[PDB]
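Just one chain is shown here, as structure tokens, and it is the form deposited without its partner chain.
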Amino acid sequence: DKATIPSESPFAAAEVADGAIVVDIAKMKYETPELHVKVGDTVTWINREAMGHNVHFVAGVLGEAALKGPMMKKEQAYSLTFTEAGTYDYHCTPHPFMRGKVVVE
């Protein structure tokens, strides 16, 4: 896979890891819709809003399978550790007008 999943469950915003690269979700948007990171980095999405959101990568992007992340409640978080250079587009499953990308290089 081009990413590993530290936790299949969301977890509390306060539990975000030192060194994680944070993307806030607020105002029905990924607040950093184009993020550039290094191989080995952990990206953590944190939902800052009442409405639930996830991150969803279709099949062939992070590996063979689609990665449909868990729904994050307000002040919940979810991480992916990127292990290979590339450009990885994602969207929010319930809100597909929410689009983002992670560029690993």
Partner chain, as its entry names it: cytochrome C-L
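Residue numbers count along the first chain shown, from 1.
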item: 43-51 versus 75-83 - which carries the larger mean C-alpha B factor in the record; value: 43-51
item: Mean temperature factor over C-alpha atoms, higher-scoring stretch between 16-24 and 84-92; value: 16-24
item: Third of the chain, ranked by Cα B-factor, where residue 37 sits; value: middle
item: Residue 61 CA temperature factor, ranked by third within the chain; value: middle
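The form solved in complex with its partner chain is left out here; the points below concern that form.
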query	finding
4.5 Å heavy atom contact, residue 63 and its partner chain in the deposited complex	no
Contact flag, residue 26 vs its partner chain in the deposited complex, heavy atom cut 4.5 Å	yes
is_contact(residue 42, its partner chain) in the deposited complex, heavy atom dist at most 4.5 Å	no
